[PDB]
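What follows is one structure encoded as structure tokens, with my remarks underneath.
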Amino acid sequence: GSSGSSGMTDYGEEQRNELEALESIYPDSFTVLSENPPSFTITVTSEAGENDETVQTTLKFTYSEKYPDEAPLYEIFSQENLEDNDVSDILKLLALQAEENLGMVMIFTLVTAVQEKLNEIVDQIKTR
């Protein structure tokens, strides 16, 4: 924690910084769609469920004018082995996550919360 960091909040810098990291952490699980505005999507795949079930949902994160100041743009470009409901649940969740994270980059965070969700859903299917 730097002495101060109170008030002036760089939005253009914050993003850039984070990205650089997402480039090393996600070498194949991160593809930059655009740059200006700087848009990119991530790839999250759940673990083999009860019957070797795996789901994947391509999320689209777009940096807005208010970020991390304000919650970023989260949308589902494509999804697999998921229904309107299952897909919705993964959304309503973020709202609470990003909402509480408001004030700082919530990229690496969202993905985390999402991953667990997919693992829970894909596993729940075992019931059927």
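Here's how to read the names in the structure tokens: chain A, B, ... by the order shown, residue numbers from 1 in each chain, ligand numbers from 1 in the order shown.
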* Those of segment 60-115 of chain A in DSSP alpha helix (DSSP H), formatted as a PyMOL selection string -> chain A and resi 84-101+107-115
* **All residues 7 Å or closer to residue 68 of chain A, only C-alpha atoms, same chain fewer than 2 positions away omitted, as a list in words** => residues 11, 66, 70, 71, 102, 103, 104 and 105 of chain A
Could you dump the residues just selected with N, CA and C atoms as a PDB file, in the first residue's frame?
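Resulting contents of out_13.pdb:
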ATOM      1  N   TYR A  11      -7.346   5.909 -14.784  1.00  0.00           N
ATOM      2  CA  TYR A  11      -8.139   4.853 -15.402  1.00  0.00           C
ATOM      3  C   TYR A  11      -7.401   4.240 -16.588  1.00  0.00           C
ATOM      4  N   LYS A  66     -15.279   4.817 -17.161  1.00  0.00           N
ATOM      5  CA  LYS A  66     -15.241   4.791 -15.704  1.00  0.00           C
ATOM      6  C   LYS A  66     -14.791   3.426 -15.196  1.00  0.00           C
ATOM      7  N   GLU A  70     -15.862   2.562 -12.255  1.00  0.00           N
ATOM      8  CA  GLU A  70     -17.175   1.950 -12.418  1.00  0.00           C
ATOM      9  C   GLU A  70     -17.051   0.533 -12.973  1.00  0.00           C
ATOM     10  N   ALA A  71     -18.050  -0.297 -12.692  1.00  0.00           N
ATOM     11  CA  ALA A  71     -18.054  -1.675 -13.164  1.00  0.00           C
ATOM     12  C   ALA A  71     -17.910  -1.737 -14.681  1.00  0.00           C
ATOM     13  N   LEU A 102     -16.206  -2.811  -7.182  1.00  0.00           N
ATOM     14  CA  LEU A 102     -16.183  -1.453  -7.714  1.00  0.00           C
ATOM     15  C   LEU A 102     -15.107  -0.618  -7.029  1.00  0.00           C
ATOM     16  N   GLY A 103     -14.304   0.077  -7.829  1.00  0.00           N
ATOM     17  CA  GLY A 103     -13.248   0.908  -7.282  1.00  0.00           C
ATOM     18  C   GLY A 103     -11.866   0.413  -7.661  1.00  0.00           C
ATOM     19  N   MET A 104     -11.800  -0.801  -8.198  1.00  0.00           N
ATOM     20  CA  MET A 104     -10.529  -1.389  -8.604  1.00  0.00           C
ATOM     21  C   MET A 104     -10.747  -2.509  -9.616  1.00  0.00           C
ATOM     22  N   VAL A 105      -9.763  -2.715 -10.486  1.00  0.00           N
ATOM     23  CA  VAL A 105      -9.847  -3.755 -11.503  1.00  0.00           C
ATOM     24  C   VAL A 105     -10.447  -5.035 -10.932  1.00  0.00           C
TER      25      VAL A 105
END
* **Exercise: residue 44 of chain A partners within 10 Å, only C-alpha atoms, chain neighbours under 6 positions left out, as a list in words** =>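 Contacts, with the query itself left out: residues 29, 30, 55, 56, 57, 58, 59, 111, 112, 114, 115 and 118 of chain A.
Shortest separation to residue 27 of chain A among A:91, A:8, A:107, A:42 occurs at residue A:42, atoms counted being only C-alpha atoms.
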* Asked: Can you list every residue in chain A that DSSP puts in strand (DSSP E), as a VMD selection string?
  -> chain A and resid 30 to 32 39 to 42 57 to 62 73 to 79
Pull N, CA and C atoms from the residues just selected and write them as a short mmCIF file (atom, residue, chain, number, x, y, z; two decimals), in the first residue's frame.
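Okay, this is what ended up in part.cif:
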data_model
loop_
_atom_site.label_atom_id
_atom_site.label_comp_id
_atom_site.auth_asym_id
_atom_site.auth_seq_id
_atom_site.Cartn_x
_atom_site.Cartn_y
_atom_site.Cartn_z
N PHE A 30 -6.67 -16.01 -23.31
CA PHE A 30 -6.92 -14.58 -23.39
C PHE A 30 -6.58 -14.04 -24.77
N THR A 31 -7.60 -13.56 -25.48
CA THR A 31 -7.41 -13.02 -26.82
C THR A 31 -7.95 -11.60 -26.92
N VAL A 32 -7.08 -10.67 -27.27
CA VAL A 32 -7.47 -9.27 -27.41
C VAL A 32 -8.22 -9.03 -28.72
N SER A 39 -10.67 -4.03 -25.97
CA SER A 39 -11.58 -5.11 -25.63
C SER A 39 -10.87 -6.46 -25.74
N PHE A 40 -11.28 -7.41 -24.91
CA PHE A 40 -10.69 -8.74 -24.91
C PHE A 40 -11.64 -9.76 -24.27
N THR A 41 -11.46 -11.03 -24.62
CA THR A 41 -12.30 -12.09 -24.09
C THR A 41 -11.45 -13.18 -23.44
N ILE A 42 -12.02 -13.85 -22.44
CA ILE A 42 -11.32 -14.91 -21.73
C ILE A 42 -11.98 -16.26 -21.98
N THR A 57 -17.78 -20.78 -21.49
CA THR A 57 -18.50 -19.55 -21.80
C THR A 57 -17.54 -18.41 -22.09
N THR A 58 -17.50 -17.98 -23.35
CA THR A 58 -16.62 -16.89 -23.76
C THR A 58 -17.14 -15.55 -23.27
N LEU A 59 -16.48 -14.98 -22.27
CA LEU A 59 -16.88 -13.70 -21.71
C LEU A 59 -16.19 -12.55 -22.45
N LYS A 60 -16.91 -11.44 -22.61
CA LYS A 60 -16.36 -10.27 -23.29
C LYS A 60 -16.25 -9.09 -22.33
N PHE A 61 -15.01 -8.75 -21.97
CA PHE A 61 -14.76 -7.64 -21.06
C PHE A 61 -14.31 -6.40 -21.82
N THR A 62 -15.04 -5.30 -21.65
CA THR A 62 -14.72 -4.06 -22.33
C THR A 62 -14.47 -2.94 -21.32
N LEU A 73 -17.82 -3.68 -18.61
CA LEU A 73 -18.88 -4.28 -19.41
C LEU A 73 -18.68 -5.78 -19.55
N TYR A 74 -19.63 -6.55 -19.03
CA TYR A 74 -19.56 -8.00 -19.09
C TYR A 74 -20.69 -8.57 -19.94
N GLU A 75 -20.33 -9.34 -20.97
CA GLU A 75 -21.32 -9.94 -21.86
C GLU A 75 -20.88 -11.34 -22.28
N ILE A 76 -21.86 -12.16 -22.66
CA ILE A 76 -21.58 -13.53 -23.09
C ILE A 76 -21.70 -13.66 -24.60
N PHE A 77 -20.55 -13.67 -25.28
CA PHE A 77 -20.53 -13.79 -26.73
C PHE A 77 -21.01 -15.17 -27.17
N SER A 78 -20.44 -16.21 -26.57
CA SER A 78 -20.81 -17.58 -26.90
C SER A 78 -20.74 -18.48 -25.67
N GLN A 79 -21.57 -19.51 -25.64
CA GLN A 79 -21.61 -20.44 -24.52
C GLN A 79 -21.93 -21.85 -24.99
#
* **Interatomic distance (Å, one decimal) between atom CA of residue 120 of chain A and atom CA of residue 84 of chain A** =>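 Between atom CA of residue 120 of chain A and atom CA of residue 84 of chain A the gap works out to 16.2 Å.
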* Which residue of A:108, A:126, A:80, A:95 approaches residue 25 of chain A most closely, using only C-alpha atoms ->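 Between A:108, A:126, A:80, A:95, the residue approaching residue 25 of chain A most closely is A:108.
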* For atom CA of residue 90 of chain A and atom CA of residue 117 of chain A, quote the distance in Å rounded to one decimal. =>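 We find that atom CA of residue 90 of chain A and atom CA of residue 117 of chain A lie 6.6 Å from each other.
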* Name all residues at most 10 Å from residue 127 of chain A (count only C-alpha atoms; drop same-chain ones fewer than 4 positions away) and give them as a VMD selection string. => chain A and resid 50 122 to 123
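Here atom CA of residue 6 of chain A and atom CA of residue 101 of chain A stand 16.8 Å from one another.
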